[PDB]
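A single chain comes next, written as structure tokens; it is the form deposited in one PDB entry.
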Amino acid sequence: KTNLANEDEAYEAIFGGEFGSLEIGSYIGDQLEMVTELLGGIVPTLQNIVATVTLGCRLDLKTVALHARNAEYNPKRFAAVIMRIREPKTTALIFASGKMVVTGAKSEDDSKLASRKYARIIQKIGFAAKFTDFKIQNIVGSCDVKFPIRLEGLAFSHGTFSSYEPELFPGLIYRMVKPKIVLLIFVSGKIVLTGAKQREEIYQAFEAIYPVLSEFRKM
């Protein structure tokens, strides 16, 4: 009963995954591939930022798709226009309602700036679009503690906060409480941090987890 040519169902899909908008690449094109792409004196690094913009006016996606340069619109597959720009290299999903979702940036400034570009593009085509309600919805961070994790022991010891689920992910899924951050922990020591609303939460989730990962070093 999942229809992605529906608008209410296609927007809700981007944020309703197991990992919410971490999975946003599957709607602009594997489960394991989506995570591992987000890797490529230890300090985390921002790998993606998902933002939402309300453009304000009803949009005719056939028109938008026609006049946009690098753009794709198959309304049977997914119910939005897929537009891309080259700097900040990003991707936007533009709905019939003027809602817009903007992914690909790696700074909070690139996210807001890219979003302003997509909005201006849509105006220039000929719409009463105004850039409003810019919110950052998710920030994905990555980390590499550069030493291997005894995941099988961390899964037992922190079973309250952990799962091993090969179907979803080949490593450990750490659901941290404060801050509410899911850490995807690889056996090699690389980590993918998601859920964050501000970058502070990425560093906090990392500072919290580094002493835990140390206790579980494989030697």
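So that there is no doubt, residue numbering starts at 1 and follows the sequence shown.
The stretch of deposited sequence separating residue 29 from residue 30 contains 4 to 9 residues lacking coordinates in this entry. In this entry, no coordinate-free residues of the deposited sequence separate residue 166 from residue 167. Checked against the record, the higher mean CA B factor of 66-74 and 152-160 lies with 66-74. The question of which stretch, 5-13 or 194-202, has the higher mean Cα B factor is settled in favour of 5-13. Within the selection 91, 142, 107, 97, the deposited Cα B-factor values reach their highest point at 97.
In the deposited entry, the Cα temperature factor of residue 135 sits in the bottom third of values across the chain's modelled residues. When all modelled residues of the chain are sorted by CA temperature factor, residue 146 is found within the highest third. Among all modelled residues in this chain, the alpha-carbon of residue 55 has a temperature factor (C-alpha) in the middle third. Among all modelled residues in its chain, residue 79 ranks in the highest third by Cα B-factor. When the modelled residues of the chain are ordered by their C-alpha B factor, residue 189 lands in the lowest third.
This protein has a second form, the form deposited with a partner chain bound, left out of what is shown; the following refers to that one.
Of the heavy atoms in residue 78, none are within 4.5 Å of its partner chain in the bound PDB entry. Shown alone here, residue 188 lies farther than 4.5 Å from its partner chain in the bound PDB entry, counting heavy atoms only. When its partner chain is considered in the bound PDB entry, residue 123 lines it closely, a heavy atom lying within 4.5 Å. Although the partner is absent from this view, residue 45 contacts its partner chain in the bound PDB entry, with a non-hydrogen atom inside 4.5 angstroms. This chain lacks the partner; the member of 95, 127, 131, 73 within 4.5 angstroms of its partner chain in the bound PDB entry by a non-hydrogen atom is 131. Contact with its partner chain in the bound PDB entry, defined as a heavy atom within 4.5 Å, holds for exactly one of 105, 149, 119, 139, namely 119.
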